[PDB]
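Enquirer: Can you keep this structure in mind? I'll have questions shortly.
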Amino acid sequence: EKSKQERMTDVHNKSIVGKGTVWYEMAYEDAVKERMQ
Amino acid sequence: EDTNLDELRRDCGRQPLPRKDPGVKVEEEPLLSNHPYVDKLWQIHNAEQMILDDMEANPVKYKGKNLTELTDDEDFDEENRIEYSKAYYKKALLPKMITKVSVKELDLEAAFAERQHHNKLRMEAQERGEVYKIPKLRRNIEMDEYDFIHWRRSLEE
Amino acid sequence: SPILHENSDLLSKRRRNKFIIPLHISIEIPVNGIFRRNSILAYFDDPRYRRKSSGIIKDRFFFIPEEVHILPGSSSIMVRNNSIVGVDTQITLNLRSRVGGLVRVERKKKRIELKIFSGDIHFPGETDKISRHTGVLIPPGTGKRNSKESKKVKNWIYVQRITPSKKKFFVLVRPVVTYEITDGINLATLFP
Amino acid sequence: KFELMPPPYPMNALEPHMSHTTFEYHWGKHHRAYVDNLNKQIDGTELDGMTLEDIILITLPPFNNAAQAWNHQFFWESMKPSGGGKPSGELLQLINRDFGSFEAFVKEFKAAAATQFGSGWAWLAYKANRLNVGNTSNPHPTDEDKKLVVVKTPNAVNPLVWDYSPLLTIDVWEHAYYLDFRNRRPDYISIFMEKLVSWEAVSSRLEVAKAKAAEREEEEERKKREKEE
Ligand SMILES: [Fe+3]
């Protein structure tokens, strides 16, 4: 009825079908700094 | 004639209009560094870069006309520029706000000199065998200075 | 149009609750255009970590490449099951083996699965009580510098026990690859 | 339990411009009261066994008394019965850099002590503050960020509370001059700015403040190195 999270899960499955455990999970700024440093 | 209730309350001496009390503490809060002119500076930077890159694509068009003095349209207006368009949608459909920078607003001489120096260093680094990289342009540094002075104002406040 | 020096970082600025990225990695948005919590927007699949070999990796991962050939059921195979074939071995009428090793022929209902496990065949001794069904990977052993003729194995090898017969079993040392999750971080600068 | 600290100069014969009857009354009464009250209100509490600054920054009923004593002692120490008239050393450099001249600084101190309008202490402070909210850090930091600022504080308020560093103080409270002389405050202010201010203690405190600022800057670099390592 309200706050249905179906569309988000659907577009996430269309973008990434295999929801495997993320080997590398990090913030954007941290990744940019690691690329710099 | 009265259209603002706060002005009426101040004129008649009555108390201010009641408002719901926010639970945040103004003393302990993150400072504000974003500058209002940053958006216009970014848009004029993009317009300058685009017009300068497009003068390269059409050398005949750039020839015969000075970079400092140029006119795209005589009856161009900022009001007519603002519009909403959602016809083109690759993944998402939303209104495309259009902004038309003024001709005199852009100072094309500095952009032309900058691009000349940048492509000279680009071809030089390609002769070296490495891709040329530049950290920041002038207008971006000016925007950073605007943000810095705004942050100084907020810190002093 | 485009330029020779394409640096999208110098043309994009990030503000409070406002991210402006110049479209020219790729990104996708929903039909309505709204986003949600933990919503993936851009994809950064890097071809540097891609592999052409059929073998897939499974802090660091090991990938053992294996030559797998999917042939039809009515295809005539010129190789026998559990047979050791060398390089350039004619497996089919127009298909030749690219790597030498043990040939495994898995005959399914409507598909012929031919697998060539490349590696050195070693005969384990009596005291070599290695796991038959549990393959063990050996890393680079720190060989002592005293021994001169001790060839240092700088590459990791995957030892797999192949038991074609109930009484005779062999050990195959297949190759391995290096895939590190922590090592390797490449992402194009999006915001200045 | 803190005890009242005697002033450096002999209270009876320190300065002909401040009566010893006056000196005595003011000093004794105020210091004693603050300390005892303070000692009474901190006894059997976690605040006991700590310095005044700790207490000042923590406190509440044990605030007003502590600050006043601390301010009062600082005030006594801020002066000796000689040597007034002009500062020197790094004091002059910092004064002419920010204020522009020594006379401008004197006029600002006078026009800040005069306009307190009630019970207050005037202060000359070396501004080295570090905020704990949002983007406190300053990009492209350089000199001229730490400055000498002349601030006016209300009753029982000290600049210690806003991470400022206290260098020089005038006690603009009635007890200081009302008893001594007819109550014209500019007189007392002028005489303070003339014949009692001691610049040597101010130079020492400026040195201490620059040392604390340097230690904070080096702590920042240590934290950055720990981040890199
Ligand atoms: Fe006093």
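Naming scheme: A, B, ... for chains in displayed order of the structure tokens; residues 1 onward per chain; ligands 1 onward as shown.
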Near region 80-87 of chain C, counting only C-alpha atoms, which residues have an atom at most 12 Å away, once you skip same-chain residues fewer than 5 positions from it, shown as a ChimeraX atom specification?
Expert: /C:67,92,96-107,112-121,162-165,169-170,172
Enquirer: Pick out the residues sitting within 7 Å of region 6-23 of chain A, and hand them over as a VMD selection string; count only C-alpha atoms, and ignore anything fewer than 4 positions along from it in its own chain.
Expert: chain C and resid 36 40 181
Enquirer: Might you pull out every residue within 8 Å of region 52-64 of chain D, with only C-alpha atoms counted and same-chain residues fewer than 5 positions away left off, and present them as a short mmCIF file (atom, residue, chain, number, x, y, z; two decimals) with C-alpha atoms, in the first residue's frame?
Expert:
data_model
loop_
_atom_site.label_atom_id
_atom_site.label_comp_id
_atom_site.auth_asym_id
_atom_site.auth_seq_id
_atom_site.Cartn_x
_atom_site.Cartn_y
_atom_site.Cartn_z
CA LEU D 38 34.48 27.28 46.22
CA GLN D 41 30.96 23.63 47.16
CA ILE D 42 33.64 21.32 45.69
CA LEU D 47 35.68 18.34 40.88
CA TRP D 70 41.05 32.79 39.06
CA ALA D 156 32.13 35.88 36.32
CA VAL D 157 32.84 35.32 32.62
CA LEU D 160 38.95 30.72 29.01
CA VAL D 161 35.50 29.54 28.23
#
Enquirer: Which residues are near ligand 1 in this structure, taking near to mean any atom at most 7 Å from a ligand atom and counting only C-alpha atoms and all ligand atoms? Format them as a list in words.
Expert: residues 26, 30, 72, 171, 173, 175 and 176 of chain D
Enquirer: Run DSSP on the backbone and tell me which residues of region 20-209 of chain D come out as helix (DSSP H, G or I); list them as an mmCIF file with N, CA and C atoms, in the first residue's frame.
Expert:
data_model
loop_
_atom_site.group_PDB
_atom_site.id
_atom_site.type_symbol
_atom_site.label_atom_id
_atom_site.label_comp_id
_atom_site.auth_asym_id
_atom_site.auth_seq_id
_atom_site.Cartn_x
_atom_site.Cartn_y
_atom_site.Cartn_z
ATOM 1 N N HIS D 20 46.099 51.062 50.451
ATOM 2 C CA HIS D 20 46.319 49.793 51.072
ATOM 3 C C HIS D 20 45.096 49.481 51.836
ATOM 4 N N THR D 21 44.347 50.462 52.301
ATOM 5 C CA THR D 21 43.124 50.088 52.970
ATOM 6 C C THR D 21 42.308 49.420 51.913
ATOM 7 N N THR D 22 42.266 50.057 50.755
ATOM 8 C CA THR D 22 41.489 49.521 49.667
ATOM 9 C C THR D 22 42.043 48.210 49.241
ATOM 10 N N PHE D 23 43.362 48.121 49.183
ATOM 11 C CA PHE D 23 43.926 46.920 48.633
ATOM 12 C C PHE D 23 43.506 45.829 49.528
ATOM 13 N N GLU D 24 43.625 46.052 50.814
ATOM 14 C CA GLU D 24 43.363 45.006 51.738
ATOM 15 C C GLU D 24 41.972 44.578 51.636
ATOM 16 N N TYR D 25 41.047 45.521 51.650
ATOM 17 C CA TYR D 25 39.691 45.052 51.694
ATOM 18 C C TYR D 25 39.432 44.245 50.485
ATOM 19 N N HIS D 26 39.774 44.788 49.334
ATOM 20 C CA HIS D 26 39.360 44.077 48.158
ATOM 21 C C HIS D 26 39.952 42.718 48.106
ATOM 22 N N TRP D 27 41.255 42.661 48.263
ATOM 23 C CA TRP D 27 41.870 41.388 48.026
ATOM 24 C C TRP D 27 41.396 40.399 48.979
ATOM 25 N N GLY D 28 41.447 40.774 50.235
ATOM 26 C CA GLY D 28 41.182 39.750 51.184
ATOM 27 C C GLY D 28 39.810 39.256 51.051
ATOM 28 N N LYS D 29 38.886 40.185 51.014
ATOM 29 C CA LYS D 29 37.554 39.690 51.093
ATOM 30 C C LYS D 29 37.251 38.856 49.920
ATOM 31 N N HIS D 30 37.573 39.373 48.754
ATOM 32 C CA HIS D 30 37.121 38.631 47.608
ATOM 33 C C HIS D 30 37.763 37.289 47.493
ATOM 34 N N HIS D 31 39.064 37.247 47.677
ATOM 35 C CA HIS D 31 39.710 35.989 47.446
ATOM 36 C C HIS D 31 39.246 34.993 48.443
ATOM 37 N N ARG D 32 39.147 35.423 49.684
ATOM 38 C CA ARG D 32 38.823 34.468 50.710
ATOM 39 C C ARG D 32 37.471 33.925 50.452
ATOM 40 N N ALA D 33 36.547 34.805 50.137
ATOM 41 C CA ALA D 33 35.203 34.342 49.999
ATOM 42 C C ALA D 33 35.153 33.371 48.880
ATOM 43 N N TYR D 34 35.754 33.713 47.757
ATOM 44 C CA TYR D 34 35.582 32.830 46.634
ATOM 45 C C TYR D 34 36.162 31.492 46.968
ATOM 46 N N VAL D 35 37.364 31.475 47.519
ATOM 47 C CA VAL D 35 37.975 30.183 47.735
ATOM 48 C C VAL D 35 37.191 29.355 48.729
ATOM 49 N N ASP D 36 36.753 29.938 49.836
ATOM 50 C CA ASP D 36 36.082 29.113 50.819
ATOM 51 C C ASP D 36 34.785 28.605 50.246
ATOM 52 N N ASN D 37 34.085 29.462 49.528
ATOM 53 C CA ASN D 37 32.800 29.069 49.020
ATOM 54 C C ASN D 37 33.116 27.985 48.044
ATOM 55 N N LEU D 38 34.105 28.286 47.208
ATOM 56 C CA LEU D 38 34.478 27.278 46.221
ATOM 57 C C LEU D 38 34.915 25.983 46.894
ATOM 58 N N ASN D 39 35.749 26.081 47.933
ATOM 59 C CA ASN D 39 36.180 24.883 48.649
ATOM 60 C C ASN D 39 35.000 24.179 49.307
ATOM 61 N N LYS D 40 34.024 24.947 49.798
ATOM 62 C CA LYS D 40 32.837 24.343 50.397
ATOM 63 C C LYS D 40 32.001 23.609 49.356
ATOM 64 N N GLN D 41 31.833 24.202 48.174
ATOM 65 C CA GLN D 41 30.961 23.628 47.157
ATOM 66 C C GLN D 41 31.638 22.552 46.316
ATOM 67 N N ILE D 42 32.966 22.407 46.400
ATOM 68 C CA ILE D 42 33.642 21.318 45.694
ATOM 69 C C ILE D 42 34.083 20.192 46.617
ATOM 70 N N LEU D 52 41.846 25.055 38.729
ATOM 71 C CA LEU D 52 40.734 25.983 38.540
ATOM 72 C C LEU D 52 40.215 25.941 37.109
ATOM 73 N N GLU D 53 41.122 25.848 36.132
ATOM 74 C CA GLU D 53 40.709 25.850 34.732
ATOM 75 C C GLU D 53 39.822 24.653 34.415
ATOM 76 N N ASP D 54 40.187 23.512 34.975
ATOM 77 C CA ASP D 54 39.404 22.319 34.752
ATOM 78 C C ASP D 54 38.038 22.649 35.266
ATOM 79 N N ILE D 55 37.980 23.103 36.509
ATOM 80 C CA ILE D 55 36.704 23.431 37.107
ATOM 81 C C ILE D 55 35.993 24.482 36.267
ATOM 82 N N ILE D 56 36.682 25.551 35.893
ATOM 83 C CA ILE D 56 36.081 26.604 35.096
ATOM 84 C C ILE D 56 35.435 26.006 33.873
ATOM 85 N N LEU D 57 36.161 25.190 33.131
ATOM 86 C CA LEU D 57 35.598 24.677 31.902
ATOM 87 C C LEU D 57 34.470 23.678 32.135
ATOM 88 N N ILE D 58 34.544 22.924 33.222
ATOM 89 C CA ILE D 58 33.496 21.964 33.522
ATOM 90 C C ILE D 58 32.247 22.669 33.996
ATOM 91 N N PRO D 61 26.754 25.853 39.866
ATOM 92 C CA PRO D 61 27.163 26.706 40.983
ATOM 93 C C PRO D 61 28.671 26.800 41.232
ATOM 94 N N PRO D 62 29.475 25.726 41.001
ATOM 95 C CA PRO D 62 30.897 26.022 41.218
ATOM 96 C C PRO D 62 31.570 26.764 40.073
ATOM 97 N N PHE D 63 30.844 27.509 39.250
ATOM 98 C CA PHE D 63 31.526 28.276 38.210
ATOM 99 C C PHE D 63 31.846 29.680 38.625
ATOM 100 N N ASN D 64 30.818 30.449 38.925
ATOM 101 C CA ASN D 64 31.042 31.843 39.245
ATOM 102 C C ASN D 64 32.132 32.070 40.283
ATOM 103 N N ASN D 65 32.215 31.236 41.317
ATOM 104 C CA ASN D 65 33.190 31.526 42.358
ATOM 105 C C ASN D 65 34.578 31.240 41.852
ATOM 106 N N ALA D 66 34.730 30.117 41.166
ATOM 107 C CA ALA D 66 36.046 29.727 40.701
ATOM 108 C C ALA D 66 36.610 30.730 39.737
ATOM 109 N N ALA D 67 35.790 31.167 38.800
ATOM 110 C CA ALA D 67 36.284 32.073 37.790
ATOM 111 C C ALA D 67 36.712 33.351 38.433
ATOM 112 N N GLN D 68 35.940 33.820 39.395
ATOM 113 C CA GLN D 68 36.255 35.092 39.998
ATOM 114 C C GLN D 68 37.589 35.063 40.699
ATOM 115 N N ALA D 69 37.854 33.997 41.443
ATOM 116 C CA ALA D 69 39.140 33.878 42.115
ATOM 117 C C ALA D 69 40.254 33.775 41.105
ATOM 118 N N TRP D 70 40.034 32.980 40.069
ATOM 119 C CA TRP D 70 41.052 32.792 39.057
ATOM 120 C C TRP D 70 41.303 34.116 38.388
ATOM 121 N N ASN D 71 40.232 34.833 38.090
ATOM 122 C CA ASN D 71 40.372 36.129 37.460
ATOM 123 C C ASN D 71 41.077 37.069 38.396
ATOM 124 N N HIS D 72 40.702 37.031 39.665
ATOM 125 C CA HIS D 72 41.291 37.958 40.608
ATOM 126 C C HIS D 72 42.784 37.731 40.774
ATOM 127 N N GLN D 73 43.195 36.476 40.887
ATOM 128 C CA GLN D 73 44.608 36.194 41.018
ATOM 129 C C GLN D 73 45.349 36.600 39.761
ATOM 130 N N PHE D 74 44.754 36.352 38.604
ATOM 131 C CA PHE D 74 45.388 36.693 37.349
ATOM 132 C C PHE D 74 45.547 38.183 37.380
ATOM 133 N N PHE D 75 44.532 38.870 37.871
ATOM 134 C CA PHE D 75 44.565 40.319 37.923
ATOM 135 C C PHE D 75 45.685 40.831 38.818
ATOM 136 N N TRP D 76 45.870 40.200 39.969
ATOM 137 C CA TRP D 76 46.938 40.626 40.842
ATOM 138 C C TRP D 76 48.244 40.389 40.124
ATOM 139 N N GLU D 77 48.422 39.181 39.606
ATOM 140 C CA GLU D 77 49.688 38.855 38.965
ATOM 141 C C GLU D 77 49.948 39.724 37.744
ATOM 142 N N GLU D 90 58.079 40.960 21.506
ATOM 143 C CA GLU D 90 57.086 40.472 20.553
ATOM 144 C C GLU D 90 55.734 41.138 20.775
ATOM 145 N N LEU D 91 55.499 41.651 21.986
ATOM 146 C CA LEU D 91 54.251 42.355 22.264
ATOM 147 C C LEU D 91 54.055 43.526 21.310
ATOM 148 N N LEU D 92 55.091 44.349 21.131
ATOM 149 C CA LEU D 92 54.981 45.488 20.225
ATOM 150 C C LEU D 92 54.754 45.039 18.788
ATOM 151 N N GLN D 93 55.451 43.984 18.355
ATOM 152 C CA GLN D 93 55.270 43.492 16.992
ATOM 153 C C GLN D 93 53.831 43.055 16.756
ATOM 154 N N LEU D 94 53.294 42.234 17.661
ATOM 155 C CA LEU D 94 51.917 41.773 17.511
ATOM 156 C C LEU D 94 50.926 42.926 17.614
ATOM 157 N N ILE D 95 51.222 43.926 18.448
ATOM 158 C CA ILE D 95 50.300 45.045 18.615
ATOM 159 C C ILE D 95 50.246 45.892 17.350
ATOM 160 N N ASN D 96 51.408 46.240 16.791
ATOM 161 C CA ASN D 96 51.412 47.070 15.590
ATOM 162 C C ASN D 96 50.959 46.282 14.366
ATOM 163 N N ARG D 97 51.092 44.953 14.400
ATOM 164 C CA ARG D 97 50.616 44.158 13.272
ATOM 165 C C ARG D 97 49.094 44.142 13.211
ATOM 166 N N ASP D 98 48.433 43.888 14.340
ATOM 167 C CA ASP D 98 46.978 43.795 14.366
ATOM 168 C C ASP D 98 46.321 45.139 14.663
ATOM 169 N N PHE D 102 50.582 51.140 19.507
ATOM 170 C CA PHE D 102 50.357 50.926 20.933
ATOM 171 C C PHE D 102 49.272 51.854 21.466
ATOM 172 N N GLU D 103 49.237 53.099 20.980
ATOM 173 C CA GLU D 103 48.208 54.035 21.419
ATOM 174 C C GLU D 103 46.820 53.568 21.000
ATOM 175 N N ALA D 104 46.706 52.969 19.811
ATOM 176 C CA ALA D 104 45.424 52.422 19.383
ATOM 177 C C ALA D 104 44.972 51.297 20.305
ATOM 178 N N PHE D 105 45.902 50.425 20.700
ATOM 179 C CA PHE D 105 45.572 49.350 21.630
ATOM 180 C C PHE D 105 45.138 49.902 22.982
ATOM 181 N N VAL D 106 45.837 50.927 23.476
ATOM 182 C CA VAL D 106 45.472 51.527 24.757
ATOM 183 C C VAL D 106 44.083 52.146 24.680
ATOM 184 N N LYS D 107 43.795 52.860 23.589
ATOM 185 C CA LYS D 107 42.480 53.472 23.429
ATOM 186 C C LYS D 107 41.386 52.418 23.339
ATOM 187 N N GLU D 108 41.651 51.314 22.635
ATOM 188 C CA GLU D 108 40.657 50.249 22.540
ATOM 189 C C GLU D 108 40.403 49.608 23.898
ATOM 190 N N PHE D 109 41.468 49.353 24.662
ATOM 191 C CA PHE D 109 41.294 48.786 25.996
ATOM 192 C C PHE D 109 40.499 49.729 26.889
ATOM 193 N N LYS D 110 40.774 51.033 26.796
ATOM 194 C CA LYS D 110 40.038 52.000 27.604
ATOM 195 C C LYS D 110 38.567 52.051 27.208
ATOM 196 N N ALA D 111 38.282 52.064 25.904
ATOM 197 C CA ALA D 111 36.917 52.160 25.401
ATOM 198 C C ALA D 111 36.160 50.842 25.504
ATOM 199 N N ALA D 112 36.847 49.758 25.858
ATOM 200 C CA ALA D 112 36.188 48.497 26.168
ATOM 201 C C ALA D 112 35.970 48.325 27.661
ATOM 202 N N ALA D 113 36.886 48.830 28.491
ATOM 203 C CA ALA D 113 36.686 48.769 29.935
ATOM 204 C C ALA D 113 35.653 49.791 30.395
ATOM 205 N N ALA D 114 35.563 50.935 29.707
ATOM 206 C CA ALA D 114 34.622 51.974 30.117
ATOM 207 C C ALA D 114 33.180 51.569 29.833
ATOM 208 N N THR D 115 32.944 50.889 28.711
ATOM 209 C CA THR D 115 31.599 50.582 28.243
ATOM 210 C C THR D 115 31.115 49.207 28.689
ATOM 211 N N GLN D 116 31.607 48.706 29.823
ATOM 212 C CA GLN D 116 31.159 47.401 30.300
ATOM 213 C C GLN D 116 29.726 47.466 30.815
ATOM 214 N N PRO D 159 37.583 34.622 29.312
ATOM 215 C CA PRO D 159 37.773 34.141 27.933
ATOM 216 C C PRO D 159 38.224 32.693 27.837
ATOM 217 N N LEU D 160 38.507 32.093 28.979
ATOM 218 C CA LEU D 160 38.954 30.720 29.011
ATOM 219 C C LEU D 160 37.850 29.883 28.478
ATOM 220 N N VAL D 161 36.626 30.367 28.628
ATOM 221 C CA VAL D 161 35.495 29.542 28.232
ATOM 222 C C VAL D 161 35.317 29.381 26.742
ATOM 223 N N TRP D 162 35.861 30.296 25.958
ATOM 224 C CA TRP D 162 35.781 30.092 24.529
ATOM 225 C C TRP D 162 37.140 29.761 23.939
ATOM 226 N N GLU D 174 33.136 47.530 40.663
ATOM 227 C CA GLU D 174 33.167 48.692 41.527
ATOM 228 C C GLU D 174 34.152 48.563 42.659
ATOM 229 N N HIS D 175 34.311 47.370 43.207
ATOM 230 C CA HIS D 175 35.151 47.254 44.380
ATOM 231 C C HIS D 175 36.542 47.762 44.115
ATOM 232 N N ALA D 176 37.041 47.559 42.910
ATOM 233 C CA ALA D 176 38.404 47.944 42.616
ATOM 234 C C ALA D 176 38.665 49.429 42.782
ATOM 235 N N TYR D 177 37.744 50.280 42.353
ATOM 236 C CA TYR D 177 38.022 51.718 42.382
ATOM 237 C C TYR D 177 37.047 52.560 43.175
ATOM 238 N N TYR D 178 35.850 52.042 43.406
ATOM 239 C CA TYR D 178 34.833 52.827 44.093
ATOM 240 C C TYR D 178 35.306 53.159 45.486
ATOM 241 N N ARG D 185 35.232 56.051 36.757
ATOM 242 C CA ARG D 185 35.975 54.895 36.274
ATOM 243 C C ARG D 185 37.083 55.270 35.271
ATOM 244 N N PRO D 186 36.855 56.280 34.377
ATOM 245 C CA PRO D 186 37.970 56.547 33.474
ATOM 246 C C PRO D 186 39.278 56.812 34.207
ATOM 247 N N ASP D 187 39.234 57.441 35.373
ATOM 248 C CA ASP D 187 40.446 57.678 36.135
ATOM 249 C C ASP D 187 41.150 56.375 36.409
ATOM 250 N N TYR D 188 40.443 55.426 37.003
ATOM 251 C CA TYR D 188 41.065 54.165 37.368
ATOM 252 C C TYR D 188 41.582 53.464 36.136
ATOM 253 N N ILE D 189 40.816 53.506 35.061
ATOM 254 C CA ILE D 189 41.248 52.880 33.830
ATOM 255 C C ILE D 189 42.499 53.553 33.310
ATOM 256 N N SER D 190 42.538 54.877 33.358
ATOM 257 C CA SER D 190 43.678 55.591 32.823
ATOM 258 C C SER D 190 44.913 55.265 33.644
ATOM 259 N N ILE D 191 44.769 55.247 34.961
ATOM 260 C CA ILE D 191 45.901 54.970 35.827
ATOM 261 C C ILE D 191 46.393 53.549 35.622
ATOM 262 N N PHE D 192 45.480 52.616 35.411
ATOM 263 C CA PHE D 192 45.890 51.246 35.156
ATOM 264 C C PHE D 192 46.702 51.237 33.893
ATOM 265 N N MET D 193 46.218 51.933 32.879
ATOM 266 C CA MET D 193 46.900 51.895 31.610
ATOM 267 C C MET D 193 48.180 52.682 31.698
ATOM 268 N N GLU D 194 48.326 53.431 32.777
ATOM 269 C CA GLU D 194 49.523 54.252 32.909
ATOM 270 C C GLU D 194 50.545 53.632 33.856
ATOM 271 N N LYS D 195 50.173 53.407 35.119
ATOM 272 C CA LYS D 195 51.167 53.274 36.179
ATOM 273 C C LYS D 195 51.142 51.922 36.889
ATOM 274 N N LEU D 196 50.386 50.953 36.404
ATOM 275 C CA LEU D 196 50.451 49.674 37.104
ATOM 276 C C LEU D 196 50.645 48.481 36.176
ATOM 277 N N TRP D 199 54.160 44.598 31.591
ATOM 278 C CA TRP D 199 54.191 43.961 30.277
ATOM 279 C C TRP D 199 55.059 42.707 30.263
ATOM 280 N N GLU D 200 55.893 42.509 31.287
ATOM 281 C CA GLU D 200 56.757 41.331 31.314
ATOM 282 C C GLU D 200 55.944 40.055 31.498
ATOM 283 N N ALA D 201 54.970 40.082 32.409
ATOM 284 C CA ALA D 201 54.082 38.937 32.571
ATOM 285 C C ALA D 201 53.266 38.697 31.307
ATOM 286 N N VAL D 202 52.892 39.770 30.608
ATOM 287 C CA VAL D 202 52.164 39.621 29.352
ATOM 288 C C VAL D 202 53.041 38.944 28.306
ATOM 289 N N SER D 203 54.324 39.307 28.251
ATOM 290 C CA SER D 203 55.235 38.652 27.316
ATOM 291 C C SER D 203 55.407 37.179 27.660
ATOM 292 N N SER D 204 55.531 36.867 28.953
ATOM 293 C CA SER D 204 55.656 35.472 29.368
ATOM 294 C C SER D 204 54.411 34.671 29.001
ATOM 295 N N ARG D 205 53.229 35.256 29.211
ATOM 296 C CA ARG D 205 51.992 34.556 28.888
ATOM 297 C C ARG D 205 51.807 34.420 27.380
ATOM 298 N N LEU D 206 52.270 35.404 26.607
ATOM 299 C CA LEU D 206 52.243 35.275 25.154
ATOM 300 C C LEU D 206 53.163 34.154 24.692
ATOM 301 N N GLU D 207 54.329 34.025 25.329
ATOM 302 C CA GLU D 207 55.222 32.909 25.031
ATOM 303 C C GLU D 207 54.552 31.576 25.347
ATOM 304 N N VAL D 208 53.889 31.492 26.502
ATOM 305 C CA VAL D 208 53.195 30.260 26.880
ATOM 306 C C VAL D 208 52.078 29.947 25.890
ATOM 307 N N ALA D 209 51.364 30.977 25.431
ATOM 308 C CA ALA D 209 50.274 30.760 24.487
ATOM 309 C C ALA D 209 50.796 30.289 23.136
#
Enquirer: To one decimal place in Å, what is the distance between CA of residue 35 (chain B) and CA of residue 150 (chain B)?
Expert: 6.2 Å
Enquirer: For chain C, list the residues within 8 Å of chain A, counting only C-alpha atoms, and write the list as a PyMOL selection string.
Expert: chain C and resi 30+35-36+39-40+181-182+185-187+189
Enquirer: Output C-alpha atoms for every residue in that selection, as a PDB file, in the first residue's frame.
Expert:
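To be explicit, this is the file written out as out.pdb:
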ATOM      1  CA  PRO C  30      15.206   4.563 -12.895  1.00  0.00           C
ATOM      2  CA  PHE C  35      16.720   7.062  -6.168  1.00  0.00           C
ATOM      3  CA  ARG C  36      16.437   5.131  -2.906  1.00  0.00           C
ATOM      4  CA  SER C  39      20.732   2.431  -4.731  1.00  0.00           C
ATOM      5  CA  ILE C  40      23.447   1.574  -7.246  1.00  0.00           C
ATOM      6  CA  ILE C 181      40.436  -7.906  -3.538  1.00  0.00           C
ATOM      7  CA  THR C 182      42.403  -5.509  -1.328  1.00  0.00           C
ATOM      8  CA  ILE C 185      41.667   0.226  -6.742  1.00  0.00           C
ATOM      9  CA  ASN C 186      40.956   2.051 -10.016  1.00  0.00           C
ATOM     10  CA  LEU C 187      38.194   4.643 -10.361  1.00  0.00           C
ATOM     11  CA  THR C 189      37.705  11.037 -10.822  1.00  0.00           C
TER      12      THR C 189
END
Enquirer: Give me, please, the distance in Å between CA of residue 94 (chain C) and CA of residue 71 (chain C), quoted to one decimal.
Expert: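 Atom-to-atom, CA of residue 94 (chain C) to CA of residue 71 (chain C), that is 11.6 Å.
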Enquirer: Which residues are close to region 98-114 of chain B, i.e. within 12 Å by only C-alpha atoms, leaving aside same-chain residues fewer than 6 positions away? Reply as a ChimeraX atom specification.
Expert: /B:39-56,62,65-86,120-122,134,136-139
Enquirer: Would you work out the distance separating CA of residue 50 (chain D) from CA of residue 163 (chain D), expressed in Å to one decimal?
Expert: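 About the pair CA of residue 50 (chain D) and CA of residue 163 (chain D): they are 18.3 Å apart.
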